[PDB]
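Note: the block below is data11.cif and it holds mmCIF, C-alpha atoms (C1' of nucleotides).
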```cif
data_entry
loop_
_atom_site.group_PDB
_atom_site.id
_atom_site.type_symbol
_atom_site.label_atom_id
_atom_site.label_comp_id
_atom_site.auth_asym_id
_atom_site.auth_seq_id
_atom_site.Cartn_x
_atom_site.Cartn_y
_atom_site.Cartn_z
ATOM 1 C CA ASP A 449 27.339 23.282 42.514
ATOM 2 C CA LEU A 450 27.986 20.239 44.711
ATOM 3 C CA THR A 451 27.920 22.540 47.799
ATOM 4 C CA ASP A 452 24.665 24.301 46.718
ATOM 5 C CA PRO A 453 22.748 21.535 44.787
ATOM 6 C CA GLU A 454 19.303 23.238 45.152
ATOM 7 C CA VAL A 455 19.618 25.391 41.952
ATOM 8 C CA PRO A 456 21.993 25.147 38.920
ATOM 9 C CA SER A 457 24.426 27.957 38.045
ATOM 10 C CA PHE A 458 22.877 28.047 34.513
ATOM 11 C CA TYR A 459 20.288 26.055 32.492
ATOM 12 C CA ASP A 460 20.680 26.766 28.744
ATOM 13 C CA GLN A 461 19.560 24.862 25.624
ATOM 14 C CA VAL A 462 22.439 23.602 23.437
ATOM 15 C CA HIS A 463 20.922 20.590 21.592
ATOM 16 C CA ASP A 464 17.686 19.614 19.853
ATOM 17 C CA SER A 465 17.469 16.180 21.552
ATOM 18 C CA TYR A 466 19.130 13.746 24.030
ATOM 19 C CA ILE A 467 22.703 14.813 24.936
ATOM 20 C CA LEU A 468 24.703 11.541 25.043
ATOM 21 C CA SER A 469 28.136 12.501 26.329
ATOM 22 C CA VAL A 470 29.768 15.629 27.804
ATOM 23 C CA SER A 471 33.556 15.998 28.306
ATOM 24 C CA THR A 472 35.933 18.600 29.838
ATOM 25 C CA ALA A 473 39.183 19.651 28.111
ATOM 26 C CA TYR A 474 41.187 20.995 31.056
ATOM 27 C CA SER A 475 44.488 22.865 30.519
ATOM 28 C CA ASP A 476 47.112 24.734 32.560
ATOM 29 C CA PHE A 477 47.114 27.463 29.811
ATOM 30 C CA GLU A 478 43.558 27.776 28.312
ATOM 31 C CA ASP A 479 39.919 27.984 29.432
ATOM 32 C CA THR A 480 38.118 24.795 30.592
ATOM 33 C CA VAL A 481 36.119 24.138 27.402
ATOM 34 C CA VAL A 482 33.340 21.553 27.343
ATOM 35 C CA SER A 483 32.270 19.330 24.459
ATOM 36 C CA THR A 484 28.873 17.751 23.890
ATOM 37 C CA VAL A 485 27.292 15.328 21.406
ATOM 38 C CA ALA A 486 23.627 14.390 21.031
ATOM 39 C CA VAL A 487 21.210 12.255 18.980
ATOM 40 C CA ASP A 488 20.855 15.343 16.682
ATOM 41 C CA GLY A 489 24.434 14.419 15.666
ATOM 42 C CA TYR A 490 26.115 17.785 16.367
ATOM 43 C CA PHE A 491 29.443 17.899 18.194
ATOM 44 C CA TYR A 492 29.748 21.309 19.930
ATOM 45 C CA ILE A 493 32.687 22.762 21.922
ATOM 46 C CA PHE A 494 31.917 25.748 24.226
ATOM 47 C CA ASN A 495 33.146 27.660 27.289
ATOM 48 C CA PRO A 496 30.814 27.553 30.367
ATOM 49 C CA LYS A 497 31.599 31.268 31.130
ATOM 50 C CA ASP A 498 29.226 32.167 28.211
ATOM 51 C CA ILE A 499 27.810 29.495 25.851
ATOM 52 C CA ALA A 500 26.083 31.938 23.464
ATOM 53 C CA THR A 501 29.277 33.955 22.692
ATOM 54 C CA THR A 502 31.610 30.880 22.401
ATOM 55 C CA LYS A 503 29.692 27.845 20.928
ATOM 56 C CA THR A 504 31.614 26.167 18.050
ATOM 57 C CA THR A 505 30.878 23.079 15.832
ATOM 58 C CA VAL A 506 33.380 20.268 15.064
ATOM 59 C CA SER A 507 31.032 18.064 12.940
ATOM 60 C CA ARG A 508 27.563 16.678 12.345
ATOM 61 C CA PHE A 509 27.294 12.859 12.528
ATOM 62 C CA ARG A 510 24.481 10.562 11.442
ATOM 63 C CA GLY A 511 22.143 10.294 14.457
ATOM 64 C CA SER A 512 23.705 7.441 16.490
ATOM 65 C CA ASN A 513 22.472 6.047 19.799
ATOM 66 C CA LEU A 514 25.898 5.462 21.386
ATOM 67 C CA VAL A 515 28.769 7.959 20.746
ATOM 68 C CA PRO A 516 31.863 7.542 22.968
ATOM 69 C CA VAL A 517 33.818 10.807 23.545
ATOM 70 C CA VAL A 518 36.898 11.169 25.819
ATOM 71 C CA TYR A 519 39.670 13.726 26.514
ATOM 72 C CA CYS A 520 43.362 12.781 25.937
ATOM 73 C CA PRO A 521 45.050 15.313 28.294
ATOM 74 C CA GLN A 522 48.608 14.466 27.112
ATOM 75 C CA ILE A 523 47.950 16.027 23.636
ATOM 76 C CA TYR A 524 45.047 18.449 24.464
ATOM 77 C CA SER A 525 42.757 16.556 22.042
ATOM 78 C CA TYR A 526 39.276 15.157 22.269
ATOM 79 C CA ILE A 527 38.983 11.590 20.953
ATOM 80 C CA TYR A 528 35.624 10.446 19.544
ATOM 81 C CA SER A 529 33.721 7.865 17.533
ATOM 82 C CA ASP A 530 31.962 9.385 14.510
ATOM 83 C CA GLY A 531 28.811 7.480 15.634
ATOM 84 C CA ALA A 532 29.514 5.058 12.764
ATOM 85 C CA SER A 533 32.894 3.299 12.419
ATOM 86 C CA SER A 534 35.906 5.679 12.656
ATOM 87 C CA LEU A 535 37.949 7.018 15.595
ATOM 88 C CA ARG A 536 38.957 10.732 15.264
ATOM 89 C CA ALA A 537 40.937 13.361 17.148
ATOM 90 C CA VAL A 538 40.119 17.113 17.443
ATOM 91 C CA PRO A 539 42.285 19.658 19.313
ATOM 92 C CA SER A 540 40.194 21.929 21.579
ATOM 93 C CA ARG A 541 41.656 25.144 19.965
ATOM 94 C CA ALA A 542 41.502 24.087 16.268
ATOM 95 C CA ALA A 543 38.113 22.429 15.679
ATOM 96 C CA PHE A 544 38.685 22.121 11.887
ATOM 97 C CA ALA A 545 41.849 19.989 12.487
ATOM 98 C CA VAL A 546 39.972 16.655 12.656
ATOM 99 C CA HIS A 547 42.469 13.777 12.188
ATOM 100 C CA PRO A 548 41.086 10.225 11.732
ATOM 101 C CA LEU A 549 43.020 7.666 13.881
ATOM 102 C CA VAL A 550 41.541 4.195 12.955
ATOM 103 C CA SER A 551 38.767 2.532 10.849
ATOM 104 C CA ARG A 552 36.734 -0.547 12.042
ATOM 105 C CA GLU A 553 34.169 -2.815 10.263
ATOM 106 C CA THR A 554 31.615 -2.295 13.111
ATOM 107 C CA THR A 555 30.770 0.716 15.323
ATOM 108 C CA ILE A 556 33.239 1.981 17.971
ATOM 109 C CA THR A 557 31.270 1.554 21.212
ATOM 110 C CA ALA A 558 33.740 2.342 24.030
ATOM 111 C CA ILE A 559 36.986 4.402 24.170
ATOM 112 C CA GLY A 560 39.512 4.819 27.019
ATOM 113 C CA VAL A 561 42.537 7.059 27.596
ATOM 114 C CA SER A 562 44.878 7.965 30.497
ATOM 115 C CA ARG A 563 46.487 11.030 32.142
ATOM 116 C CA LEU A 564 50.043 9.511 32.082
ATOM 117 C CA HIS A 565 50.327 8.338 28.420
ATOM 118 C CA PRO A 566 48.761 9.029 24.959
ATOM 119 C CA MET A 567 47.722 5.384 24.298
ATOM 120 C CA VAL A 568 44.078 5.160 23.161
ATOM 121 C CA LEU A 569 42.036 1.965 23.518
ATOM 122 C CA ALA A 570 38.948 1.506 21.337
ATOM 123 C CA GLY A 571 36.423 -1.340 21.332
ATOM 124 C CA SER A 572 34.100 -2.150 18.420
ATOM 125 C CA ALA A 573 30.789 -4.033 18.590
ATOM 126 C CA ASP A 574 32.424 -6.873 16.538
ATOM 127 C CA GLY A 575 34.279 -7.771 19.813
ATOM 128 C CA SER A 576 37.628 -6.349 18.562
ATOM 129 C CA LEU A 577 39.818 -4.303 20.943
ATOM 130 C CA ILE A 578 42.448 -2.019 19.335
ATOM 131 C CA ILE A 579 45.368 0.050 20.676
ATOM 132 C CA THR A 580 46.907 3.072 18.921
ATOM 133 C CA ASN A 581 49.240 5.964 19.726
ATOM 134 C CA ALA A 582 47.268 9.204 19.282
ATOM 135 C CA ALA A 583 50.370 11.407 19.877
ATOM 136 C CA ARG A 584 52.031 10.030 16.702
ATOM 137 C CA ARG A 585 49.074 11.516 14.706
ATOM 138 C CA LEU A 586 48.668 14.843 16.581
ATOM 139 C CA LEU A 587 52.335 15.942 17.049
ATOM 140 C CA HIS A 588 53.666 15.079 13.511
ATOM 141 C CA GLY A 589 53.312 16.001 9.792
ATOM 142 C CA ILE A 590 50.241 15.401 7.545
ATOM 143 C CA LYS A 591 52.043 14.158 4.365
ATOM 144 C CA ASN A 592 52.754 10.457 5.139
ATOM 145 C CA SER A 593 49.755 9.860 7.477
ATOM 146 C CA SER A 594 48.422 6.921 5.352
ATOM 147 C CA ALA A 595 51.570 4.841 6.200
ATOM 148 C CA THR A 596 53.374 6.305 9.305
ATOM 149 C CA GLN A 597 50.402 5.696 11.725
ATOM 150 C CA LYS A 598 49.154 2.098 12.452
ATOM 151 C CA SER A 599 47.049 0.157 15.019
ATOM 152 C CA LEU A 600 47.156 -3.275 16.736
ATOM 153 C CA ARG A 601 44.322 -5.610 17.792
ATOM 154 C CA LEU A 602 45.043 -6.698 21.404
ATOM 155 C CA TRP A 603 42.100 -9.139 21.600
ATOM 156 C CA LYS A 604 38.938 -10.340 19.840
ATOM 157 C CA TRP A 605 35.827 -11.973 21.260
ATOM 158 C CA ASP A 606 33.807 -14.319 19.018
ATOM 159 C CA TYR A 607 30.743 -16.545 19.450
ATOM 160 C CA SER A 608 29.069 -19.604 17.826
ATOM 161 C CA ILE A 609 25.253 -19.742 17.545
ATOM 162 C CA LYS A 610 25.327 -23.595 17.756
ATOM 163 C CA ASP A 611 28.352 -24.246 20.074
ATOM 164 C CA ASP A 612 27.393 -21.351 22.487
ATOM 165 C CA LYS A 613 31.059 -20.568 23.453
ATOM 166 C CA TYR A 614 32.781 -17.227 23.906
ATOM 167 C CA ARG A 615 36.059 -17.731 22.073
ATOM 168 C CA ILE A 616 38.649 -15.041 23.039
ATOM 169 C CA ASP A 617 41.418 -14.891 20.426
ATOM 170 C CA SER A 618 44.859 -13.759 21.603
ATOM 171 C CA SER A 619 46.232 -13.304 18.051
ATOM 172 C CA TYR A 620 47.616 -9.852 17.264
ATOM 173 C CA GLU A 621 46.623 -8.188 13.917
ATOM 174 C CA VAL A 622 48.031 -4.926 12.473
ATOM 175 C CA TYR A 623 45.558 -2.532 10.772
ATOM 176 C CA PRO A 624 47.123 0.383 8.769
ATOM 177 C CA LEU A 625 45.265 3.722 8.494
ATOM 178 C CA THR A 626 42.714 3.718 5.615
ATOM 179 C CA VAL A 627 42.158 7.541 5.364
ATOM 180 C CA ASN A 628 39.522 7.700 2.542
ATOM 181 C CA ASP A 629 37.544 4.742 4.026
ATOM 182 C CA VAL A 630 33.768 4.100 3.948
ATOM 183 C CA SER A 631 31.706 3.751 7.145
ATOM 184 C CA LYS A 632 30.650 0.092 7.775
ATOM 185 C CA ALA A 633 28.074 -1.672 10.005
ATOM 186 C CA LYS A 634 28.550 -5.510 10.249
ATOM 187 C CA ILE A 635 25.975 -6.999 12.724
ATOM 188 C CA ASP A 636 27.504 -9.391 15.364
ATOM 189 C CA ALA A 637 26.530 -11.532 18.415
ATOM 190 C CA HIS A 638 24.748 -9.551 21.155
ATOM 191 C CA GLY A 639 27.058 -10.536 24.021
ATOM 192 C CA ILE A 640 30.372 -9.866 22.201
ATOM 193 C CA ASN A 641 30.066 -6.057 21.932
ATOM 194 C CA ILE A 642 32.533 -4.088 24.155
ATOM 195 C CA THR A 643 30.656 -1.967 26.784
ATOM 196 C CA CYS A 644 33.592 -0.187 28.507
ATOM 197 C CA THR A 645 37.429 0.004 28.347
ATOM 198 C CA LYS A 646 39.761 1.973 30.707
ATOM 199 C CA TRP A 647 43.448 2.077 31.658
ATOM 200 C CA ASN A 648 44.456 2.303 35.314
ATOM 201 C CA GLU A 649 46.125 5.744 35.572
ATOM 202 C CA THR A 650 48.445 5.422 38.636
ATOM 203 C CA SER A 651 52.195 5.096 37.851
ATOM 204 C CA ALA A 652 52.368 1.554 39.342
ATOM 205 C CA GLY A 653 49.144 0.465 37.566
ATOM 206 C CA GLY A 654 49.658 2.624 34.407
ATOM 207 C CA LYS A 655 50.391 -0.398 32.123
ATOM 208 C CA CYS A 656 47.171 -2.147 33.302
ATOM 209 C CA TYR A 657 43.812 -1.961 31.517
ATOM 210 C CA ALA A 658 40.329 -3.393 31.890
ATOM 211 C CA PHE A 659 37.598 -4.076 29.323
ATOM 212 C CA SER A 660 34.174 -5.771 29.231
ATOM 213 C CA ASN A 661 31.844 -7.405 26.771
ATOM 214 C CA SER A 662 28.059 -7.252 27.250
ATOM 215 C CA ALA A 663 27.581 -10.887 28.356
ATOM 216 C CA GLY A 664 29.742 -10.226 31.473
ATOM 217 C CA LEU A 665 33.312 -11.333 30.630
ATOM 218 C CA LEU A 666 35.326 -8.526 32.252
ATOM 219 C CA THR A 667 39.040 -8.936 31.360
ATOM 220 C CA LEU A 668 42.251 -7.294 32.690
ATOM 221 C CA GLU A 669 45.852 -7.381 31.431
ATOM 222 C CA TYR A 670 49.151 -5.969 32.672
ATOM 223 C CA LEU A 671 51.121 -4.923 29.555
ATOM 224 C CA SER A 672 54.567 -6.421 30.412
ATOM 225 C "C1'" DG B 1 -93.934 -30.365 12.490
ATOM 226 C "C1'" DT B 2 -98.391 -32.191 11.715
ATOM 227 C "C1'" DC B 3 -103.300 -32.987 11.674
ATOM 228 C "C1'" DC B 4 -108.181 -32.893 9.313
ATOM 229 C "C1'" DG B 5 -110.630 -33.171 4.893
ATOM 230 C "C1'" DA B 6 -112.167 -29.678 1.467
ATOM 231 C "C1'" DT B 7 -111.249 -29.456 -3.090
ATOM 232 C "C1'" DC B 8 -108.590 -28.053 -8.751
ATOM 233 C "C1'" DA B 9 -107.984 -30.999 -11.626
ATOM 234 C "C1'" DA B 10 -105.270 -36.086 -11.842
ATOM 235 C "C1'" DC B 11 -106.445 -39.806 -14.389
ATOM 236 C "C1'" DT B 12 -110.448 -42.038 -15.586
ATOM 237 C "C1'" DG B 13 -115.604 -43.857 -19.036
ATOM 238 C "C1'" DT B 14 -116.651 -41.816 -25.012
ATOM 239 C "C1'" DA B 15 -117.916 -37.784 -29.007
ATOM 240 C "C1'" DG B 16 -116.105 -34.749 -32.776
ATOM 241 C "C1'" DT B 17 -111.394 -31.227 -34.684
ATOM 242 C "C1'" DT B 18 -106.318 -31.106 -36.533
ATOM 243 C "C1'" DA B 19 -102.200 -32.130 -40.403
ATOM 244 C "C1'" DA B 20 -99.757 -34.244 -44.859
ATOM 245 C "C1'" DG B 21 -99.393 -33.724 -49.785
ATOM 246 C "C1'" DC B 22 -101.537 -33.902 -54.115
ATOM 247 C "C1'" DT B 23 -101.198 -30.631 -60.386
ATOM 248 C "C1'" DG B 24 -99.039 -26.170 -60.294
ATOM 249 C "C1'" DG B 25 -96.106 -22.225 -61.330
ATOM 250 C "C1'" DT B 26 -94.443 -18.960 -57.678
ATOM 251 C "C1'" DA B 27 -92.538 -15.612 -53.641
ATOM 252 C "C1'" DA B 28 -91.700 -16.769 -49.306
ATOM 253 C "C1'" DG B 29 -87.833 -18.325 -45.183
ATOM 254 C "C1'" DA B 30 -83.102 -19.448 -44.142
ATOM 255 C "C1'" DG B 31 -78.817 -18.713 -46.424
ATOM 256 C "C1'" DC B 32 -73.761 -18.412 -48.614
ATOM 257 C "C1'" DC B 33 -69.199 -16.202 -49.942
ATOM 258 C "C1'" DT B 34 -66.563 -12.151 -51.684
ATOM 259 C "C1'" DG B 35 -66.191 -7.943 -50.568
ATOM 260 C "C1'" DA B 36 -65.710 -3.492 -47.772
ATOM 261 C "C1'" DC B 37 -64.827 -0.599 -42.713
ATOM 262 C "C1'" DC B 38 -63.732 0.349 -38.594
ATOM 263 C "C1'" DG B 39 -61.907 -1.338 -33.803
ATOM 264 C "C1'" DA B 40 -58.621 -3.674 -31.622
ATOM 265 C "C1'" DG B 41 -54.113 -6.733 -31.393
ATOM 266 C "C1'" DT B 42 -49.409 -8.224 -32.170
ATOM 267 C "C1'" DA B 43 -45.268 -6.425 -31.173
ATOM 268 C "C1'" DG B 44 -41.086 -4.249 -32.809
ATOM 269 C "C1'" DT B 45 -40.028 0.387 -32.980
ATOM 270 C "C1'" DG B 46 -38.198 5.565 -31.947
ATOM 271 C "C1'" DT B 47 -35.837 8.857 -29.450
ATOM 272 C "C1'" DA B 48 -33.581 9.755 -25.021
ATOM 273 C "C1'" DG B 49 -30.849 8.895 -20.748
ATOM 274 C "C1'" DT B 50 -27.813 6.144 -17.012
ATOM 275 C "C1'" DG B 51 -24.314 3.570 -16.387
ATOM 276 C "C1'" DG B 52 -19.788 1.017 -17.426
ATOM 277 C "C1'" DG B 53 -15.825 -0.352 -19.264
ATOM 278 C "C1'" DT B 54 -11.785 0.463 -22.816
ATOM 279 C "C1'" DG B 55 -8.297 3.201 -24.133
ATOM 280 C "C1'" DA B 56 -4.660 6.939 -23.957
ATOM 281 C "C1'" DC B 57 -1.686 9.625 -21.497
ATOM 282 C "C1'" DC B 58 0.453 10.966 -17.462
ATOM 283 C "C1'" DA B 59 3.673 10.970 -13.028
ATOM 284 C "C1'" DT B 60 4.859 8.805 -9.422
ATOM 285 C "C1'" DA B 61 7.412 5.419 -7.145
ATOM 286 C "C1'" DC B 62 11.743 2.522 -6.588
ATOM 287 C "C1'" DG B 63 16.195 0.749 -8.210
ATOM 288 C "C1'" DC B 64 20.309 0.486 -11.224
ATOM 289 C "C1'" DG B 65 23.175 2.855 -13.528
ATOM 290 C "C1'" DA B 66 25.464 7.268 -15.346
ATOM 291 C "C1'" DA B 67 28.036 11.469 -14.646
ATOM 292 C "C1'" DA B 68 28.793 15.364 -11.078
ATOM 293 C "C1'" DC B 69 31.568 17.402 -7.317
ATOM 294 C "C1'" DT B 70 34.235 17.558 -3.242
ATOM 295 C "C1'" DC B 71 38.285 16.605 -0.713
ATOM 296 C "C1'" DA B 72 42.450 14.420 -0.230
ATOM 297 C "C1'" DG B 73 45.926 11.011 -2.648
ATOM 298 C "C1'" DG B 74 50.394 11.142 -5.423
ATOM 299 C "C1'" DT B 75 54.150 12.645 -8.327
ATOM 300 C "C1'" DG B 76 59.020 14.841 -9.003
ATOM 301 C "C1'" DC B 77 61.911 18.310 -8.632
ATOM 302 C "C1'" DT B 78 65.342 21.000 -5.752
ATOM 303 C "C1'" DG B 79 66.367 24.576 -1.703
ATOM 304 C "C1'" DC B 80 68.546 23.698 1.787
ATOM 305 C "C1'" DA B 81 70.989 20.999 5.124
ATOM 306 C "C1'" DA B 82 74.145 16.832 6.966
ATOM 307 C "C1'" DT B 83 76.414 12.254 6.371
ATOM 308 C "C1'" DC B 84 80.434 10.415 4.693
ATOM 309 C "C1'" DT B 85 84.627 11.593 2.822
#
```
Take the structure in the file and give it back as structure tokens.
Amino acid sequence: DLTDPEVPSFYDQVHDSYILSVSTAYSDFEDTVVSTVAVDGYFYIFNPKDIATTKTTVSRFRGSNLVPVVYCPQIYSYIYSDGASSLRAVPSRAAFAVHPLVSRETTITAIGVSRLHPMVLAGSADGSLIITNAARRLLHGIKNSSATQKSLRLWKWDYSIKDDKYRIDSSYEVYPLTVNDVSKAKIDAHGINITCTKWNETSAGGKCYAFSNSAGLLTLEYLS
DNA sequence: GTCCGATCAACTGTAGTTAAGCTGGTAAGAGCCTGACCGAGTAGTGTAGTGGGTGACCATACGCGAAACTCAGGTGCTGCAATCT
């Protein structure tokens, strides 16, 4: 309680080890459920009214030391990296309904989403930044999912061990949804991994986004 | 250590005891070589035990391949509805 910070309202065990990310799935029609992932790999959704009577599991991942999880409030779905190399959506009231959104050759390290639109931004540690419409997956039929949903690479960082440049590539690439795909882990230059990515969420700024690599090359674009 | 000089016998003048080998027929020393009898010497042997290394058989390990099982791709009609007519 930010007004009474001396003692917590509750202190209950929910994971075996380090809890990496916690996220709130707010709604005008359902309880404020909370999701959590940890180095033990479990993804749990629960209601803070009573954890013990409500705790539910979405998945167990391989133990991974950075797992981005965010809430897409336009479609009431959590958006998460599987700790390896796929982006997936899970509705807060149907945990079994896991839909994979995109596959990448290197781990998804940062994810961003906004309160005004369903556009999800995901950055992989290969320096690739991808955009995809999560609502097109969530609000439509299962049958033609392998062809009706696609993604676009907005930018790619690259680096040369001998030339020492950072080499931002503006060229757009379309990646279709490989549903049955393998997890992958291609190692890449230390500075070119994407450390954060977020859209501005005001109406005036709503087409603007910001992203960063780990060397320091913060980058912003207005999508017009 | 040495000094005097008495004194058994050293080294000095002639008067009287010792072999060697002849005639032999002979038994006496000093002896030789084969043989036998036990003690000791040369030395490989007779049980008996400690250690080691060889051989067989196993299972444990990874790594590549083989088939298993799960979960979701893909085929094709037609119940039902909508575009063109």
Quiz prompt | Residues of chain B within 12 Å of chain A, all atoms listed in the file counted, as an MDAnalysis selection string | solution = chainID B and resid 71:74
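Relative to CA of residue 568 in chain A, CA of residue 601 in chain A is found at 12.0 Å.
One finds CA of residue 664 in chain A at 27.7 Å from CA of residue 511 in chain A.
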Once you count all atoms listed in the file, which residues end up no further than 12 Å from (43.9, -7.7, 37.6) in the file's frame, shown as an mmCIF file with C-alpha atoms, in the coordinates of the input?
```cif
data_model
loop_
_atom_site.group_PDB
_atom_site.id
_atom_site.type_symbol
_atom_site.label_atom_id
_atom_site.label_comp_id
_atom_site.auth_asym_id
_atom_site.auth_seq_id
_atom_site.Cartn_x
_atom_site.Cartn_y
_atom_site.Cartn_z
ATOM 1 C CA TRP A 647 43.448 2.077 31.658
ATOM 2 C CA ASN A 648 44.456 2.303 35.314
ATOM 3 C CA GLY A 653 49.144 0.465 37.566
ATOM 4 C CA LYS A 655 50.391 -0.398 32.123
ATOM 5 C CA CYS A 656 47.171 -2.147 33.302
ATOM 6 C CA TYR A 657 43.812 -1.961 31.517
ATOM 7 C CA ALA A 658 40.329 -3.393 31.890
ATOM 8 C CA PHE A 659 37.598 -4.076 29.323
ATOM 9 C CA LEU A 666 35.326 -8.526 32.252
ATOM 10 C CA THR A 667 39.040 -8.936 31.360
ATOM 11 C CA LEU A 668 42.251 -7.294 32.690
ATOM 12 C CA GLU A 669 45.852 -7.381 31.431
ATOM 13 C CA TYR A 670 49.151 -5.969 32.672
ATOM 14 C CA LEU A 671 51.121 -4.923 29.555
#
```
Quiz prompt | Given the PyMOL selection byres ((chain A and resi 516) around 6), the residues it picks as number ranges by chain | solution = A: 515, 517, 528-529, 558
Show me the residues close to (45.8, 14.4, 27.3) - anything with an atom within 12 Å, counting all atoms listed in the file - and format the list as a PDB file with C-alpha atoms, in the frame of the given file.
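Writing done, so here's out_1.pdb:
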```pdb
ATOM      1  CA  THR A 472      35.933  18.600  29.838  1.00  0.00           C
ATOM      2  CA  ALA A 473      39.183  19.651  28.111  1.00  0.00           C
ATOM      3  CA  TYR A 474      41.187  20.995  31.056  1.00  0.00           C
ATOM      4  CA  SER A 475      44.488  22.865  30.519  1.00  0.00           C
ATOM      5  CA  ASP A 476      47.112  24.734  32.560  1.00  0.00           C
ATOM      6  CA  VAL A 518      36.898  11.169  25.819  1.00  0.00           C
ATOM      7  CA  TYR A 519      39.670  13.726  26.514  1.00  0.00           C
ATOM      8  CA  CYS A 520      43.362  12.781  25.937  1.00  0.00           C
ATOM      9  CA  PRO A 521      45.050  15.313  28.294  1.00  0.00           C
ATOM     10  CA  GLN A 522      48.608  14.466  27.112  1.00  0.00           C
ATOM     11  CA  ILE A 523      47.950  16.027  23.636  1.00  0.00           C
ATOM     12  CA  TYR A 524      45.047  18.449  24.464  1.00  0.00           C
ATOM     13  CA  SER A 525      42.757  16.556  22.042  1.00  0.00           C
ATOM     14  CA  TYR A 526      39.276  15.157  22.269  1.00  0.00           C
ATOM     15  CA  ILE A 527      38.983  11.590  20.953  1.00  0.00           C
ATOM     16  CA  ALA A 537      40.937  13.361  17.148  1.00  0.00           C
ATOM     17  CA  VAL A 538      40.119  17.113  17.443  1.00  0.00           C
ATOM     18  CA  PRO A 539      42.285  19.658  19.313  1.00  0.00           C
ATOM     19  CA  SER A 540      40.194  21.929  21.579  1.00  0.00           C
ATOM     20  CA  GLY A 560      39.512   4.819  27.019  1.00  0.00           C
ATOM     21  CA  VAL A 561      42.537   7.059  27.596  1.00  0.00           C
ATOM     22  CA  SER A 562      44.878   7.965  30.497  1.00  0.00           C
ATOM     23  CA  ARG A 563      46.487  11.030  32.142  1.00  0.00           C
ATOM     24  CA  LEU A 564      50.043   9.511  32.082  1.00  0.00           C
ATOM     25  CA  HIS A 565      50.327   8.338  28.420  1.00  0.00           C
ATOM     26  CA  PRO A 566      48.761   9.029  24.959  1.00  0.00           C
ATOM     27  CA  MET A 567      47.722   5.384  24.298  1.00  0.00           C
ATOM     28  CA  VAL A 568      44.078   5.160  23.161  1.00  0.00           C
ATOM     29  CA  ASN A 581      49.240   5.964  19.726  1.00  0.00           C
ATOM     30  CA  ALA A 582      47.268   9.204  19.282  1.00  0.00           C
ATOM     31  CA  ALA A 583      50.370  11.407  19.877  1.00  0.00           C
ATOM     32  CA  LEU A 586      48.668  14.843  16.581  1.00  0.00           C
ATOM     33  CA  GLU A 649      46.125   5.744  35.572  1.00  0.00           C
TER      34      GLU A 649
END
```
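Across the structure, CA of residue 470 in chain A and CA of residue 654 in chain A are spaced 24.7 Å apart.
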Quiz item: Hey, what comes out of the PyMOL selection byres ((chain A and resi 496) around 12) on this file? Could you write it as an MDAnalysis selection string?
Solution: chainID A and resid 457:460 462 472:473 479:484 493:495 497:503
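With distances restricted to all atoms listed in the file, A:546 is the closest residue to residue 507 in chain A from A:546, A:663, A:535, A:467.
All residues of protein, DNA or RNA that reach within 10 Å of range 612-614 of chain A, judged by only C-alpha atoms (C1' of nucleotides) and not counting those fewer than 3 positions away in the chain, are residues 605, 606, 607, 608, 609, 617, 639, 640, 663 and 665 of chain A.
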Centre and edges of the range 14-26 of chain B box, axis-aligned, 3 Å extra per side, as JSON:
```
{"center_x": -106.2, "center_y": -30.4, "center_z": -43.2, "size_x": 29.5, "size_y": 28.9, "size_z": 42.3}
```
Quiz prompt | Selection dump of the PyMOL selection byres ((chain A and resi 630) around 12), as a PyMOL selection string | solution = chain A and resi 530+532-534+550-554+626-629+631-633
